[PDB]
Amino acid sequence: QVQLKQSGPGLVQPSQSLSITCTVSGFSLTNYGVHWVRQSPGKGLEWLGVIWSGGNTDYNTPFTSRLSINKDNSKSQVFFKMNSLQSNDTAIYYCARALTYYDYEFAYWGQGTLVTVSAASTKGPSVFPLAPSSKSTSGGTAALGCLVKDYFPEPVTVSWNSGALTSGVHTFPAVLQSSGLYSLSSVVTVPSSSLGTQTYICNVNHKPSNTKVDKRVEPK
Amino acid sequence: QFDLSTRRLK
Amino acid sequence: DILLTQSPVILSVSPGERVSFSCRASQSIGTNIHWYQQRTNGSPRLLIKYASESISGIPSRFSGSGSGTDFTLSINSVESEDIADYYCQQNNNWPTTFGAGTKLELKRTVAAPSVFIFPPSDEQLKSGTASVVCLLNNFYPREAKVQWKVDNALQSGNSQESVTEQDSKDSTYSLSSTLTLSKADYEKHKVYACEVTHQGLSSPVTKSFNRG
């Protein structure tokens, strides 16, 4: 199985630099080049550069002066580094691999690293229960959730019961509050008759602040 | 425009 | 750089219809175009290579055609799992460039929202802030009105809305409205009401609680 696994998301101060590691498996770096693509609100999908099997690099013209790509063949690691970042460099960064060693049709992508460029500070969220009750029950179905409040930057991962509960889950897009901190809720509907037997836990992981919270949500 | 939270066009 | 122009920007279709995405190039690129799918919270998925060549693991309903400057990605029978953005890429000229994308939305029957309301947690109240959350679950189409009332005072400007992307399984949307008060203001009042309007409801739905 071909895979590409990138390091986690995080905040980078303006003018400072960006560093992402792409670890590959299911193929050797000595046989394929590894490309870097990013996706911004400004310019959508932009191709940034590539490090080839033998170490050579190409960089898209607007980035040649602030972009460097290196690798460790033995460790199956590719390193992306970009200098002098500004705010419109806030993007999802991807590593990718083409179908053949020389081509550009990207059949394999990393999961993407969301880099935020901003002068602010990293803040972990508080997690509050959205408790099931009569006011959230309808025809045997109860809704419940977690309020993931006041963190920065995006993103946060939310799961339920350590991945075993996925059906009927809705994790809403984060909104930016006037405080400059994000907030979101994640809800799920369950049979109301399971509330006395099953435990419901939202697993919250805000990787940029290394904050991991498991919030047990109970009928009040 | 592309949205970083959802990775979708908005 | 080649400029790739995808049209239109949004496509809305019903399940089982055929659908076509267009990618126009600012100069001839032969057949050097690849197509990608991006689902909600996903990475791009490669669909077609070199205008029309198929990819292992991609459903047969996807196909592409075209040459020169004018290209087409086709889905012969849309499913709700096809809800995504679609991008084209040219690589006849360095550097490889991407189109700005087309959004594929799905139609379906009107579905009224289920409405639930959540008071603030005693946990949050300790911190000095009060969030009241109103949830509108699994409805179509996306348009809805949420109106907050506190002891019959209409609230304005102190709530925020979030809407999920379209559900890839049943084509509905869900919406949260969160009303945020200070603990003091919240304790100064009794009746918290979320009133909901939507095409699928014949009269507005109010869900509400008394603090306590």
Side-chain angles (χ1 to χ4, degrees), chain A residues 124-149 151 156-174 183-206 211-220, chain C residues 40-41 80-81 111-127 130-139 162-165 167-168 170-179 192-194 196 205-212:
Chain A
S126 312
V127 186
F128 303 120
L130 300 162
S133 75
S134 309
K135 296 300 175 166
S136 85
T137 295
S138 195
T141 299
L144 59 109
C146 280
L147 170 55
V148 186
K149 198 171 186 304
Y151 62 91
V156 65
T157 49
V158 180
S159 72
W160 284 88
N161 294 7
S162 298
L165 173 62
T166 50
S167 152
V169 173
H170 294 302
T171 297
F172 288 96
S183 174
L184 67 76
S185 282
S186 176
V187 297
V188 58
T189 45
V190 294
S192 38
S193 60
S194 70
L195 292 184
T197 307
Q198 279 285 144
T199 60
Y200 293 103
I201 302 202
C202 70
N203 319 106
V204 179
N205 184 5
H206 183 234
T211 301
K212 285 181 61 169
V213 178
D214 289 341
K215 177 84 230 180
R216 165 79 179 273
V217 183
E218 260 163 27
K220 195 173 167 166
Chain C
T40 296
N41 275 128
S80 80
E81 19 286 313
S114 303
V115 183
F116 316 94
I117 190 167
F118 297 100
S121 73
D122 293 343
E123 298 85 317
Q124 187 186 17
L125 293 185
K126 288 180 179 174
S127 84
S131 294
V132 197
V133 172
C134 190
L135 166 66
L136 280 65
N137 212 36
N138 297 340
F139 60 89
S162 185
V163 184
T164 61
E165 299 299 326
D167 194 284
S168 63
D170 71 5
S171 287
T172 65
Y173 297 92
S174 290
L175 179 147
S176 70
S177 181
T178 309
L179 171 69
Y192 293 81
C194 172
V196 163
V205 173
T206 303
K207 280 278 198 168
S208 64
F209 66 91
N210 311 314
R211 185 182 40 69

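The analysis underlying the following values was restricted to heavy atoms, covering all of them including side chains, and did not include hydrogens, waters or symmetry mates. Lettering of chains follows the sequences in order, A, B, ..., and the numbering in each one begins at 1.
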Side chain to side chain contact (heavy atoms under 4.5 Å, CB included) assessment of A:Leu184 paired with A:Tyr151: CA-CA 10 Å; A:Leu184 67 76; A:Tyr151 62 91; 3.4 Å; yes

Verdict with reasoning, A:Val148 to A:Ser183, per side chain to side chain contact (heavy atoms under 4.5 Å, CB included): CA-CA 6 Å; A:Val148 186; A:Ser183 174; over 6 Å; no

Please step through side chain to side chain contact (heavy atoms under 4.5 Å, CB included) for the pair C:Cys134 and C:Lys207, ending with a clear verdict. CA-CA 8 Å; C:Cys134 190; C:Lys207 280 278 198 168; 5.6 Å; no

Test log, rule side chain to side chain contact (heavy atoms under 4.5 Å, CB included), inputs A:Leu130 and A:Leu144: CA-CA 5 Å; A:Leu130 300 162; A:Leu144 59 109; 5.9 Å; no

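Annotation: side-chain hydrogen bond (donor to acceptor under 3.5 Å, both in side chains) contacts involving residues 129-142 of chain A, sequence neighbours excluded, are absent. Sorted by first and then second residue, the pairs that involve residues 114-123 of chain C and meet salt bridge (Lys or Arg N to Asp or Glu O under 4.0 Å), not counting sequence neighbours, are A:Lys215-C:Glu123, A:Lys220-C:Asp122.
Between A:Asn203 and A:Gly163, the closest heavy-atom pair is OD1-N, 4.3 Å. Minimum interatomic distance between C:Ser174 and C:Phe139 (heavy atoms only, all atoms of both residues): CA-CE2, 3.7 Å. Considering all non-hydrogen atoms of both residues, A:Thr171 and A:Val169 come closest at OG1-CG1, 3.9 Å. Across C:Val132 and C:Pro120, no two heavy atoms sit closer than the pair CG2-CD, 4.1 Å. Across C:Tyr192 and C:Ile117, no two heavy atoms sit closer than the pair O-CD1, 3.9 Å. The minimum heavy-atom distance linking A:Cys202 with A:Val158 is given by the pair CB-CG1, 4.3 Å.
Looking only at side-chain heavy atoms (C-beta outward), A:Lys212 and A:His206 stay at 4.5 Å or farther from each other. Annotation: side chain of C:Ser176 is not in contact with side chain of A:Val187 (no heavy-atom distance under 4.5 Å). Residues A:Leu165 and A:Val188 have side chains in contact (heavy-atom distance under 4.5 Å, counting atoms from C-beta outward).
Atom-to-atom distance recorded for A:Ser185:OG and A:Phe128:CZ is 11.0 Å, nearest 0.5 angstrom. Here OG of A:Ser186 is found 8.5 Å from CZ of A:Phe172. Values are rounded to the nearest 0.5 Å. Remark: C:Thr172 OG1 to C:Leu136 CG distance equals 11.5 Å, nearest 0.5 Å. If you take CD on A:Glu218 and OG on C:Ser121, they are separated by 13.0 Å, rounding to the nearest 0.5 Å. In this structure, OG1 on A:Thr211 lies 8.5 Å from CG on A:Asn205, to the nearest 0.5 angstrom. Once rounded to the nearest 0.5 Å, the distance linking OG of A:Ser167 with CH2 of A:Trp160 reads 13.0 Å.
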Name every donor-acceptor pair, under 3.5 Å, that has one atom in a side chain of residues 190-197 of chain A and the other anywhere in the protein, sequence neighbours excluded.
unit_1: A:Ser192; atom_1: OG; unit_2: A:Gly140; atom_2: O; d: 2.9
unit_1: A:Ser194; atom_1: OG; unit_2: A:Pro191; atom_2: O; d: 2.6
unit_1: A:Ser194; atom_1: OG; unit_2: A:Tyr200; atom_2: OH; d: 2.7

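Using modelled atom types, one side-chain atom of A:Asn161 and one backbone atom of A:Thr199 make a donor-acceptor pair closer than 3.5 Å.
Of the N and O atoms on the side chains of C:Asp167 and A:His170, not one donor lies less than 3.5 Å from an acceptor on the other residue.
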